[PDB]
Structure formats: C-alpha cells, structure tokens
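Below is one structure, written out as structure tokens; comments come after it.
In listed order, ligands and their atoms are each counted from 1. Reckoned from all heavy atoms, side chains included, excluding hydrogens, waters and symmetry mates. In what follows, residues are counted from 1 in the order of the sequence shown.
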Amino acid sequence: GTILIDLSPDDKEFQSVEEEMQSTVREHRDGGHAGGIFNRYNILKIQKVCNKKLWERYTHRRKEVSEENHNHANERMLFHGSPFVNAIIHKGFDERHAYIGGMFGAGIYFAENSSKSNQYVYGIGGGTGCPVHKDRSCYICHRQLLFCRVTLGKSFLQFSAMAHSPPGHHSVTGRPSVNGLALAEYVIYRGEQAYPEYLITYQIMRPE
Ligand SMILES: Cc1cccc2c(=O)[nH]c(-c3ccc(Cl)cc3)cc12
Ligand SMILES: [Zn+2]
C-alpha cells in the first residue's frame, strides 16, 4: 500500500528537505573511499512516502515511547542509506534492515549527516559501488537516500572515538568525540520507531 508522491522543486517541503541534504555534507575520514568524492549533490527528485499502515505502526509505537518518557517522543528527522531502500518503503523497517556489525550493535542506524548515510547506499563500506560501473564515486548513476521520522525516546549517550536497546533506553546516540566536524549517529532496535517519510533521488557531484 505504498504510494510515492513527487514534490515540486517549487514546493517549500522540497526546498526544506533539499537544504537538510545539502547542508549536512561533510568530509569523511576515508577520503571518500566508501561514498565518493563530492561537496554537494544534484537532487533529481524528492518523493513523499505514503503508507497508512506503516504510519499507524509508527505513531502507535511513538505514543508508547512518549508515555514511557514524560510525554516526549524525542522525534528527529534523520537520513538512512541502504541497499534495501526499495524494501523499506514498501514493507517498513524491520530486523532485516539492521546493520549487524555496527559500532553500537545490531540495530537500524541513522545519520544527521546526509554524506554519512550516502556511504551505505551501495552497501557496507560502499560495497562494490554502483551496479553499472562498479564505482563507489560514480557521478552518473542515480542514488537514493531516505529522510526518516525517527523516535528516539530516552536515548543512551555513547561518546564515540536485532540487539536490545540498553535497558531503560529506547535508542542509542553515538556522539562524536574525536572528529570535531561529525554530527551524531543514532540507533534504534525496533523497526516501528522509524517511518521512511521522504525518498530522495540524487547524484553526487564531481567537485569543480
Ligand atoms: C552506521 C551508520 C551510521 C549512520 C547512518 C547509517 C545509515 O544510513 N545506514 C547504515 C547501513 C544501512 C544498511 C546496511 Cl545493510 C548497513 C549499514 C549505517 C549507518
Ligand atoms: Zn555508475
């Protein structure tokens, strides 16, 4: 029951989502090995993901978390990059979309930095790059990221140099404590705590 609604580039929703995408690009410690070398994107399309069942699943769980956390869902909009983006938008997030080897354990990971999620669009470590050219820094092939509504509830703070959530917590927050330019990464352990709200189709752009 998923439908995708194209947003117009004239729409303020399109513009606000694009700005979040572009403004959260950062340099990566791998020098672009996983995600490619770029400072900005060419946004080709932004679609709204509409699925009533998946939404109701999300808002049900959001209410539960909120009632366990002084009426505060601690909801964020975060990026998700994955080879399973087509499955996620149709069936929702679940245990099959977990990053089993992630630094905070087997959970579903999200980024404040769009360029962090970009590293995972072709798989862990960028896999073997785009399917057409086998290039992790391909400037031709279309990529997709999700911009997702995520319920963090009480988040366990991990200073950073499916499984269960730490007891008493609903998520983990990975706070960067070496790379001063990196934004936070987040992990949830239940698929119902995220809704894939926007599908963004883009290319990375070769620096001038
Ligand atoms: C580790 C991490 C930090 C911040 C964002 C992300 C992300 O967007 N995706 C992933 C990811 C997704 C799917 C698989 Cl199979 C592996 C890693 C991982 C990830
Ligand atoms: Zn390619």
Side-chain angles (χ1 to χ4, degrees), residues 17 20-21 24-30 32-38 41-42 44 49 76-150 152 155-163 171-179 181-191 193-206:
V17 174
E20 266 300 277
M21 185 85 173
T24 64
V25 172
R26 70 168 173 85
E27 287 194 291
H28 291 271
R29 289 162 68 178
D30 71 358
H33 183 89
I37 298 176
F38 63 96
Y41 308 108
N42 181 32
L44 300 167
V49 180
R76 306 294 178 83
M77 294 294 302
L78 296 171
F79 298 99
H80 189 77
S82 174
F84 313 127
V85 56
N86 201 55
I88 293 162
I89 62 171
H90 286 106
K91 299 179 71 158
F93 284 102
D94 68 52
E95 74 285 333
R96 293 140 42 207
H97 306 127
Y99 180 20
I100 305 307
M103 285 206 298
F104 317 107
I108 307 166
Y109 282 66
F110 297 89
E112 289 176 0
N113 288 121
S114 62
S115 55
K116 184 62 179 177
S117 291
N118 175 71
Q119 293 188 318
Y120 296 92
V121 297
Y122 295 129
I124 293 160
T128 51
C130 62
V132 174
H133 303 92
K134 310 295 178 209
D135 182 357
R136 287 182 294 264
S137 192
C138 191
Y139 297 112
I140 304 158
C141 288
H142 293 191
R143 300 174 181 224
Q144 293 184 316
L145 276 186
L146 296 165
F147 190 48
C148 303
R149 194 174 293 269
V150 185
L152 299 176
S155 197
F156 182 96
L157 185 56
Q158 178 75 249
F159 287 71
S160 195
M162 284 185 285
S171 61
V172 170
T173 293
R175 170 208 161 92
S177 69
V178 168
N179 180 349
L181 290 184
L183 305 180
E185 306 168 14
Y186 297 89
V187 191
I188 63 172
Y189 300 91
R190 304 197 44 180
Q193 272 169 238
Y195 182 80
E197 205 156 316
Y198 299 90
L199 178 70
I200 303 170
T201 306
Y202 68 101
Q203 299 158 315
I204 58 163
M205 287 183 74
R206 180 194 293 278

Distance to 0.1 Å, residue and atom name: give those for the protein heavy atom nearest to atom 15 (Cl) of ligand 1. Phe84 CE1, 3.6 Å
Between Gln203 and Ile140, is there a donor-acceptor pair closer than 3.5 Å when you use the side chain of the first and the backbone of the second? yes
Could you check atom 17 (C) of ligand 1 against the protein and tell me its nearest heavy-atom contact, residue, atom and distance included? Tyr120 CD2, 3.2 Å
Please state which protein non-hydrogen atom is closest to atom 13 (C) of ligand 1 and give its distance, to 0.1 Å? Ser82 OG, 3.7 Å
Sub-4.0 Å atoms of ligand 1 with respect to non-hydrogen atoms of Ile124: 16 (C)
Where is the tightest heavy-atom contact between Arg29 and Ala161, given as atom of each residue plus distance? NH1-O, 3.7 Å
Take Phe93 and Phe110, measure what ring-ring contact (aromatic ring centres under 6.0 Å, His included) needs, and give me the verdict at the end. CA-CA 12 Å; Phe93 284 102; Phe110 297 89; 5.4 Å; yes
What atom name does the N, O or S atom of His133 nearest to the Zn ion (ligand 2) carry? ND1
Quick one: which ligand 1 atoms are inside 4.0 Å of a heavy atom on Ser117? 5 (C), 7 (C), 8 (O)
Are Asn118 and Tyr41 linked by a side-chain donor-acceptor pair shorter than 3.5 Å? no
Any atoms of ligand 1 less than 4.0 Å from a non-hydrogen atom of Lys116? List them with their elements. 4 (C)
Can you check the angle at the Zn ion (ligand 2) formed by SG of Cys130 and SG of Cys141? Round it to the nearest 10°. 110°
Is the backbone N or O of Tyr195 less than 3.5 Å from a side-chain atom of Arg149, with the two atoms forming a donor-acceptor pair by type? no
Do me a favour and list the nearest non-hydrogen protein atom to atom 3 (C) of ligand 1 with residue, atom name and distance? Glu185 OE1, 3.4 Å
Taking all atoms of both residues into account, what is the closest heavy-atom pair of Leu78 and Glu112, and its distance? CD2-CG, 3.7 Å
Under a heavy-atom criterion of less than 4.0 Å, does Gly81 contact ligand 1? yes
What's the shortest distance from atom 1 (C) of ligand 1 to any protein heavy atom, and which residue and atom give it? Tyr109 CD2, 3.4 Å
For atom 14 (C) of ligand 1, grab the closest protein heavy atom and report residue, atom and distance to one decimal in Å. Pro83 CD, 4.4 Å
Below 4.0 Å from any atom of ligand 1, is there a heavy atom belonging to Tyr186? no
